[PDB]
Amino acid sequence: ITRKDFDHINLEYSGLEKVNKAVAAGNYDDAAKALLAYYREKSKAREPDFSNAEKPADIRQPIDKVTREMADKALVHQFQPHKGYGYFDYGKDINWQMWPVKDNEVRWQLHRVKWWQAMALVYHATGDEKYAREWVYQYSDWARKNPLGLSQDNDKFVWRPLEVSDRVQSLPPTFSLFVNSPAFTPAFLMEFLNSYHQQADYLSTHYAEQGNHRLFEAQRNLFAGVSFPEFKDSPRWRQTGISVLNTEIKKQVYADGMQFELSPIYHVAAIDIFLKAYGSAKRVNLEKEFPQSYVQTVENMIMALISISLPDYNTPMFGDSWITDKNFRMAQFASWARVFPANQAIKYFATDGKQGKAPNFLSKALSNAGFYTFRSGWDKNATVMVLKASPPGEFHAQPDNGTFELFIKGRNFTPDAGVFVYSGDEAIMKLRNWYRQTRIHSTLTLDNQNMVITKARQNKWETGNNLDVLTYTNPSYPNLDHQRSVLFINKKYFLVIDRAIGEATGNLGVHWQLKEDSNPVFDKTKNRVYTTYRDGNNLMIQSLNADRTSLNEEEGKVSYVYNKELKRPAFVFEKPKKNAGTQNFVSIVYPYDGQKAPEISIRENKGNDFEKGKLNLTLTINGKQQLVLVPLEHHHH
């Protein structure tokens, strides 16, 4: 209504031509209507962006029963602020300070005003003005009753940056859905714009300098500037959001695209934070403000996920990670496909292979995180191994370097034991720590003890049609390095070479685990274990050591989801390390069809020298010889 109400708006912004000329002429009412008309036209030019929320509210999913309930209860001022509680009545005159229960979160979360998006959604679906009338009334009510500075009680609960950020993110798509209502007056527009501006600018001067709040607070501040770029401050809001996101992406994700905590499931969650900020900006052609390196890195994060994805769409259960829902994952890829629409691999993953193209690579190293995928292809019956030989992680990572999941013709033969449980009671902690033991993973131990760190150095990585080769060294114990080489041969089978290097003496164990239903045979005469699946899709793991080596079965368990566990087969090839001399293991991991395990022997040829990394072996497999001639190390003049 007044001149002051246009102070935060950039009147020379493209579209506001009539608003500026009207404010210049003192015709403020016409200026507001001209602004409303601009905003109405703008709202019709695009869908409302709901994508940024943790659960994106779909505009076209038929109005859920829970969503319609929330919008109808809001008409009588019954609100469900908090998901862990039911509805409360806040009165015909809304008491925003009410204490329905003695719990701070119920007050904080009330001011996330979740039900406004429900009212907007139901209004869009029905076209029923009662929802729009009530919302315009409720925002005005909220604004006039909860101004910044009202009291230190109310500021604490209404103007905490977290809630403020939640509102700057939720309000734009709500606005978009209500702005075309005749209940949305030109005066309410100005009350809303000036209230929204106060909140976004407050956020820009209050976002956290560090911690688990920093990311979404700055991200949401960028969204404010993306959603209402007409404010004078908007460019600055976008810049500060972007620089924080950018600083953090460079800190939290490696050059290979993998997120620093080394858990596939937390890697996936991280994609969404960094990707949605870019995607929301791109929808309105403001994405050029992101540096190229940011955009490249986000795409690399998706490509990294694709590389470690098994044919069932699950990722290996390394550290704190678990099995997940294929349909939901496909919807995630579909959301990502909209942002990177030229990428045929993302489209392929979005549509279960029906559209797009298989990724332009097979076996692949993520060399900073130390995730190595050996794969025959991307089809449903591919042989895929993902192996972890990583740098140090934190809470969500385990002492498991060397371990791997091997997926063959629809079956995961060697699922990681998993997490089982979060941190909690001392009794619950002993269980968590059982699952963090090295000895229950597919790698080498000394006296069955946990390795002291995961700090792999890659010695060699080479891909090829007929042969992929990995060699890395982990300092598993202070007096003992573990060097492991993995050879993927003829896209069919694996040779695993383990070397225990250093002064340490004791019992060396190379451990292996199998799927709960594999009912394996343990053959101590030939030091081989094989599964007995009736469908004939089977696996043999055999020690090819020339020196004395024992085979013993061990306690094994696998947890696919929290609080659920299954007994499963486990075993170890063992031999003593009597002195400071290096000890070598040669193991074959050999998939086969049928009920008859292959007969495999080995001959070390002249020129074979594990110390030099010169592998020169002849494997005889069911009577037929084949040469394995491979250098295990590189840069060794």
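In case it trips you up, residue 1 is the first one in the sequence shown, and so on.
Undergrad: Per the entry, where is the mean C-alpha temperature factor higher: 479 to 487 or 126 to 134?
TA: Higher mean C-alpha B-factor in the PDB entry: 126 to 134.
Undergrad: On mean Cα temperature factor in this entry, is 46 to 54 or 575 to 583 the higher one?
TA: Result of the comparison: 46 to 54.
Undergrad: Which one, 529, 71, 501, 470, has the peak C-alpha temperature factor per the PDB entry?
TA: Checking the PDB record, the top C-alpha B-factor among 529, 71, 501, 470 is at 71.
Undergrad: Out of 249, 387, 429, 284, which one has a C-alpha B factor higher than all the others in the entry?
TA: Among 249, 387, 429, 284, the highest C-alpha B-factor in the entry belongs to 429.
Undergrad: Lowest, middle or highest third: which one holds residue 94 when the chain's residues are ordered by CA B-factor from the entry?
TA: As the PDB entry reports it, the C-alpha B-factor of residue 94 lands in the highest third of its chain.
Undergrad: What third of the chain, by the recorded C-alpha B-factor, contains residue 184?
TA: Highest third - that is where residue 184 ends up once the chain's C-alpha B-factors are sorted.
Undergrad: Determine, from the deposited record, the chain-internal third of the Cα B-factor for residue 422: lowest, middle or highest.
TA: Answer is highest: the recorded C-alpha B-factor places it there.
Undergrad: Classify residue 588 as lowest, middle or highest third according to the C-alpha B-factor given in the PDB entry, relative to its own chain.
TA: Bottom third by C-alpha B-factor.
Undergrad: Lowest, middle or highest third: which one holds residue 230 when the chain's residues are ordered by CA B-factor from the entry?
TA: Within its chain, residue 230 is a middle-third residue by C-alpha B-factor, going by the deposited values.
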